[PDB]
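Fold and geometry: a report
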Amino acid sequence: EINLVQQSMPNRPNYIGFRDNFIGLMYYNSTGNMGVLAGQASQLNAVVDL
Amino acid sequence: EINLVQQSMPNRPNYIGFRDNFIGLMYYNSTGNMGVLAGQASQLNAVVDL
Amino acid sequence: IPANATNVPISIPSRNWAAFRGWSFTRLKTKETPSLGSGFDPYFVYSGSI
Amino acid sequence: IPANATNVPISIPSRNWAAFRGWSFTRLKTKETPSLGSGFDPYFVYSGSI
Amino acid sequence: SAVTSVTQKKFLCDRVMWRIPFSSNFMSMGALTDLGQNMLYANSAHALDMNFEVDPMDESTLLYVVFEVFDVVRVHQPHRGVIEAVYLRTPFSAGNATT
Amino acid sequence: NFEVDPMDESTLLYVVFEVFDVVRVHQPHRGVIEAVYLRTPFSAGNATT
Amino acid sequence: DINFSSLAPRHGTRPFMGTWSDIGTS
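Residues numbered from 1 in each chain as written, not as in the entry; some residues may be left out. Chains lettered and ligands numbered in written order. Part of a larger assembly, values for the part shown. Heavy atoms only, no water.

Re the interface of chain C and chain E
In this complex, chain C contributes 29 residues to the contact, which on the side of chain E involves 44 residues. In terms of surface lost to chain E, no three residues of chain C exceed C:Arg21, C:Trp23 and C:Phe25, which account for 21% of the buried area on that side. In this assembly, chain C and chain E are joined by two salt bridges. Here E:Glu68 ties to C:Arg21 by a salt bridge, and the two come within 3.4 Å at their closest N and O atoms. Counting the contacts that link chain C with chain E gives 27 residue pairs in polar contact. Looking at the side of chain C that touches chain E, the elements with two or more residues in it are β1 (14-15) and β2 (23-29) of chain C. A per-element tally of the side of chain C that touches chain E places β2(C) first, with seven residues. Its residues placed into classes, the side of chain C that touches chain E shows 14 nonpolar, eleven polar and four charged. (Contact = heavy atoms within 4.5 Å. Buried area = accessible area lost by both parts, 1.4 Å probe. Salt bridge = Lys/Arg side-chain N within 4 Å of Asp/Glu carboxyl O. Polar contact = N/O pair within 3.5 Å; in protein donor to acceptor, adjacent residues only side chain to side chain. Helix = DSSP H or I, 4+ residues; strand = E, 2+ residues; numbered from the N terminus. Nonpolar A, V, L, I, M, F, W, Y, C, P; charged D, E, K, R; others polar.)

Notes on the interface of chain E and chain B
Buried accessible area, meaning the area lost when the parts come together, often serves as the stated size of an interface. Each partner contributes residues to the interface: chain E has nine residues there, and chain B has ten residues. Taken together, both faces of the contact between chain E and chain B bury some 710 Å²; the carbon and sulfur share is 57%. If you sort the residues of chain E by the area they bury against chain B, E:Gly95, E:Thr98 and E:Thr99 come out on top, with a joint share of 54%. Across the contact surface, chain E and chain B share zero salt bridges. In this assembly, chain E and chain B are joined by one residue pair in polar contact.

Considerations on a nonpolar patch on the surface
A cluster of nonpolar side chains, contributed by A:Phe18, A:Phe22, A:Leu25, A:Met26 and A:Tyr28, occupies part of the molecular surface with about 610 Å² of accessible area. For A:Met26, a relative accessible area of 43% corresponds to the partly exposed category. (Patch = residues over 30% accessible without salt bridge, like charges linked within 9 Å, V, L, I, M, F, W, Y side chains within 5 Å. Areas by Shrake-Rupley, 256 points an atom, 1.4 Å probe, with all protein chains shown as cover. Buried < 20%, exposed > 50% of the residue type's maximum accessible area, 1.4 Å probe, protein only.)

Quick look at the sheet that holds strand β1 (residues 18-20) of chain E
An order of β1(E)-β2(C)-β3(E) is seen for the three strands of this open sheet, with the pairing classed as antiparallel. With one partner strand each, in any of the chains shown, β1 and β3 (61-67) of chain E form the two edges of the open sheet. Taken over all neighbouring pairs, the strand axes of this sheet differ in orientation by 25° on average, direction set aside. Here β2(C) pairs with β3(E) via seven bridges, running antiparallel. By the bridge assignment for β3(E), C:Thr26 is matched with E:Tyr64. (Pairing = 2+ DSSP bridges. Axes fitted to C-alpha atoms, helices over the stretch in contact; angles between N-to-C directions.)

Quick look at the nonpolar core
Core analysis: the largest hydrophobic core is formed by 19 residues, its most contacted members being C:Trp17, E:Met50 and E:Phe52. Setting aside residues up to four positions removed in sequence, E:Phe52 forms contacts with C:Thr6, C:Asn7, C:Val8, C:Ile10, C:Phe25 and E:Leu63. (Core = buried A, V, L, I, M, F, W, Y, C linked by side-chain atoms within 4.5 Å.)

Section: the side chain of F:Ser43
Tracing the backbone through its elements, the reader meets F:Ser43 in the segment after β3 (34-39). Polar side-chain contacts of F:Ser43 include one of 3.2 Å to the side chain of E:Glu84. Excluding residues within four positions of it along the chain, F:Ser43 makes contact with A:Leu44, D:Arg15 and E:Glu84.

Comments concerning the pattern of salt bridges
Any two side chains of opposite charge can pair, on the condition that their charged atoms come close. One pass over the full model with this rule turns up eight salt bridges over all chains. A salt bridge links C:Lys29 to E:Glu59, with the nearest nitrogen and oxygen atoms 3.6 Å apart. Taken together, the residues C:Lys29 in strand β2 and E:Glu59 in the loop between β2 (46-47) and β3 connect one chain to another. For E:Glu59, a relative accessible area of 41% translates into the label partly exposed.

In structure tokens, the structure reads:
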């Protein structure tokens, strides 16, 4: 009879979804996860991230 | 009474020490981790690592 | 910046400063900044706006 | 060399081969060789002789 | 029946990083400043430092300082299926690539 | 072209193309050091990162 | 200037007789 009196209020809004331009969906600036752009048969790497 | 007849054998040897000549303790041949030997007034390396 | 610090020490070696432009600076929070030294941080417990 | 591959062709684009000296070659293992040019290889889970 | 009262006044900035130029006029007249060209003239190698006073934070905080340099790739293909890129950064380097 | 035995494990082919890696180090003046580096049939600079 | 953007070896041109784009190199 005393659980007639209760209250409820909404859960907090939480909007989830991808970053501003897909920020950090590619590893940039992380060594050991570097990108590669190189000649197929010459293999001279030409991406260096610091 | 049947755990009287357990048998045991040594764990495998496994010698851990430092590398052969301190191999891989310094970054060599790695851009974005390469050394510097440069006059302190010009900032031009005499070190080129590829 | 330690918690409740009011001074931040800066240390920069002797270097040639030819072709130096300005400085820019801003203050961040530790928990809202991930480390890019590794590709996974088990201590990044923040999913908000970085 | 893929697993159980019997042949690996090499192609190299046209180059001036002035002051060239002999080829030398050997076979390694993918698990036993760490990536070079990038500091830290996360997929290298071997600690034996490299 | 207004009580005696004192002003508190403050500002906010959001989405801004503070900018201190490296110019004598404190203003751009080209991307390569005039004080980047006076260390070309002579340099003994000078060492920098700063101090900062930051308001207390119960939370742990970091300082992010950007030192504005030039990062310029020159990139060229001399033959079919070949790409070669040299990477040159000016006063800072910190083990800069392909130097 | 190379020909090798099958192996269940993945393997790599490591080919050392022998060249001349040669550096010339000059100091013209006090606290000044510089160098010109040359690699002959494979590229002498810019190259691989 | 304050952040880089200096680029461009271009002007653009259109030969006369109308504006007729492309001169196709001179």
